[PDB]
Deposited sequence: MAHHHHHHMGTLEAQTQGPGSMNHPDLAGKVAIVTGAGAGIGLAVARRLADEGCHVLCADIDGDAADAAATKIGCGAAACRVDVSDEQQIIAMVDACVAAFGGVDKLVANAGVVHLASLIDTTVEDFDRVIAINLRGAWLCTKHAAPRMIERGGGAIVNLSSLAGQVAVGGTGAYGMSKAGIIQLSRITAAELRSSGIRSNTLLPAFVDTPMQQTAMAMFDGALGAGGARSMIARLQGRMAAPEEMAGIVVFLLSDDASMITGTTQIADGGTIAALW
């Protein structure tokens, strides 16, 4: 576990901060001296995150499928802490259906919340970062956005779109002092994926053994948070437009 003094007094917005990776990201950032706006679709969970964290952190409710609500989030961060230095777009949904059974309604929702949402956070965060002299962004994608996982079509399509979001953000805002990188976790112990791992094949492992074989073990959300906080830090001054693979080796070999 490493420290970053460049993060003391910085302001960060974390979306999906109510549970899992986002709650883990919010708490780690607070411990680095950040002012954190914990945003979530579930208003109570957001309040509860800020309550767990302390460190003067604040909460707000955001449905990242609505642009106006994203604008109101950034406004609230500015009004609570004076500006915006860091962004972690982590809000998202998982959806499971074969590619040929997925409905348009489901696809639209998954693209709106995941892809359109991550973009809109960058669209309204970045202007405020430019005023501060630069900033850092991490969008959470998934291994399913670069490698196929059966049943994750819509989801995977949205998560691929996020991987490219970071590149185009890096390209367009590097001369404004802004960095953007994508984090690709594989299998993490969080409520969001617990819905997903209900997927049980004709074999009794297949989640438990699937995950052990591919990744070695289940990942703790805390292990993704240390990566996110590194990527937001000045130790990552030379890292922009990259896909950070944090999959415990999953795609490094034939397992």
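Q: Please report every deposited-sequence interval that has no C-alpha in the structure, sorted by position.
A: According to the deposited record, C-alpha coordinates are absent for 1-20, 226-227, which together make up the missing parts.
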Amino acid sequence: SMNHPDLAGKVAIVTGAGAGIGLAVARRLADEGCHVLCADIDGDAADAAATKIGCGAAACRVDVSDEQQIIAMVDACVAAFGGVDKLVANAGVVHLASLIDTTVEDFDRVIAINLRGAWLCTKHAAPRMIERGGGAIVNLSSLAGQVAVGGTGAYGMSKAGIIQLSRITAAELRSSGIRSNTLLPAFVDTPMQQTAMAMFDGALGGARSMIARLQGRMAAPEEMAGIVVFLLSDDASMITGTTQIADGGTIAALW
From here on, numbers count along this sequence of modelled residues.
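Q: May I ask you to compare 161-169 and 70-78 by their mean CA B factor in the entry and name the higher one?
A: Per the PDB entry, the higher value belongs to 70-78.
Q: Between 7-15 and 235-243, which has the higher average C-alpha B-factor in the PDB entry?
A: The stretch with the larger mean CA B-factor is 7-15.
Q: Quick one: which of 134, 117, 150, 145 shows the highest Cα temperature factor in the PDB entry?
A: Highest C-alpha B-factor among the listed options: 134.
Q: Please say which third, lowest, middle or highest, residue 89 falls into when its CA temperature factor is compared across its chain.
A: Lowest third of the chain for residue 89's C-alpha B-factor.
Q: Comparing residue 196 with the other modelled residues of its chain, is its CA B-factor in the lowest, middle or highest third?
A: Highest third.
Q: How does residue 83 rank on Cα B-factor within its chain, lowest, middle or highest third?
A: Middle third by C-alpha B-factor.
Q: If you rank every modelled residue in this chain by C-alpha B factor, which third holds residue 229: lowest, middle or highest?
A: Bottom third by C-alpha B-factor.
Q: Using the B-factor values recorded in the entry, state whether the Cα atom of residue 110 falls in the lowest, middle or highest third among the modelled residues of its chain.
A: It falls in the middle third of the chain.
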